[PDB]
C-alpha cells in the first residue's frame, strides 16, 4: 500500500546482537571468514522482548535511537518482537514462557504491555515496528485438539487484543505472526486463518497501525523457491510468496488491505530438512536475503531478519528441564545449548553457507 513503515527511515541496529556477533567473529580463526562474520552486526535484526526483564533494555534502545537520529539528521526505526503470552507456545513440548494462565497470566501480560507502552510514549520521534506474538494465533487454526491450546484460546485472543489496542495508541506499526507456508499455507487452512486474523483486526478497531502479518518467523522456508523442497509435497503453496499470494486476497475481501513482512534470516539454504515440521537448529542453514523493501511483491513491505541467526532455538540435552525433543532430530545441529544462548558453531555455518554470500 501507500505507507510502507520503512520508507524514509534508518533502522537502528541492535546493540545486543552486535555484541554477540563481535564476540563471535573473534573466535573464527580464518581471518577472511572472521571479517564476513563481523559485517553481520551491520545487518538489521529484530530485538525480542521475550520477558519483562528486557523492558528496560527497550528504553535504552529507544533513547539511543532518538539521539542517533538527531546526531545524523535521520529518522530512526526500532524493530521489536512482542513474545510473552501466558501459556506461551501451547503446542510445543517445552515452553520458556514466564507467565501462566493459572497464575494471573492475563493480568501479568497486560502489565507487560503497559510497561512497553510507557517506554515507547517517551520517544515519539522514534518509529517502532513490532511483530506480535510468534507461535500464538496460528495454533488456534490447526492445534485446537491440543488441550493446552484449547484452554489458552480465549486468553491468547484477549492478550493479543490488549497488545494491538494499546500499542496502536502510541503509533506502533504492527504485524501479527501468521506462521509459514507449511503451517497456514495449506489450501485448506487459508480460509480459517483469514477468518481468525480478520476477527482479531475487527475486535481491535481496524486501526491503520495494524498493518498486516509476518510470516516465516524463526523458520527456514524460501520466499521464492527455484523448485519445491521435497518436504512440501502435497502443498501447492511451497514457499512464502505462494502462501502470501493466496492469503492476501482473502484479507482484502474482508476489507483489510493487509501487507506482509517475511523473515529470511535463515533461509539461504533450502532442501535441508527431513520433514517440514522440523524447526530446531536445522543443520546446514545459511543466512538468506538481507533485509530490503525491494521485495518484488505488492503485498510485502519488507524482507526482514526477525530471528537472530546464531541464537539457539533449543537444547539437545535430554536432561534439561527445557528440553524439546525436536532439538534431537537428525537434521538438528547437535550438541546444542539452551534456547536463546549463543551457538557458535551454528553461527559459523550461517556465515559460511550464506546465500547470497556475505
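In this text, the rigid core denotes the largest set of C-alpha atoms whose superposition between the two forms falls within 1.5 Å. Residue numbers count along the first chain shown, from 1.
- Farther from the shown form on average, by C-alpha root mean square after a core fit in 5 other deposited structures of this protein, is 91-99, of the stretches 91-99 and 278-286.
- Taken in 5 other deposited structures of this protein and fitted on the core, 64-72 and 321-329 differ in how far their Cα atoms move from the shown form, and the one that moves more is 321-329.
- Higher average CA B factor: 69-77, of the stretches 69-77 and 189-197.
- Taking the PDB entry as given, 98-106 carries the higher mean Cα B factor of the two stretches 98-106 and 216-224.
- Within the selection 256, 243, 183, 260, the deposited Cα B-factor values reach their highest point at 256.
- Across 111, 274, 139, 155, the entry's maximum B-factor at the CA atom is seen for 274.
- Split the chain's modelled residues into thirds by C-alpha temperature factor. Residue 230 is in the highest one.
- When the modelled residues of the chain are ordered by C-alpha B-factor, residue 53 sits in the highest third.
- Ranked by C-alpha B-factor against the other modelled residues of its chain, residue 31 falls in the highest third.
- The entry lists a Cα temperature factor for residue 328 that places it in the highest third of the chain's modelled residues.
- When the modelled residues of the chain are ordered by their C-alpha B factor, residue 179 lands in the lowest third.
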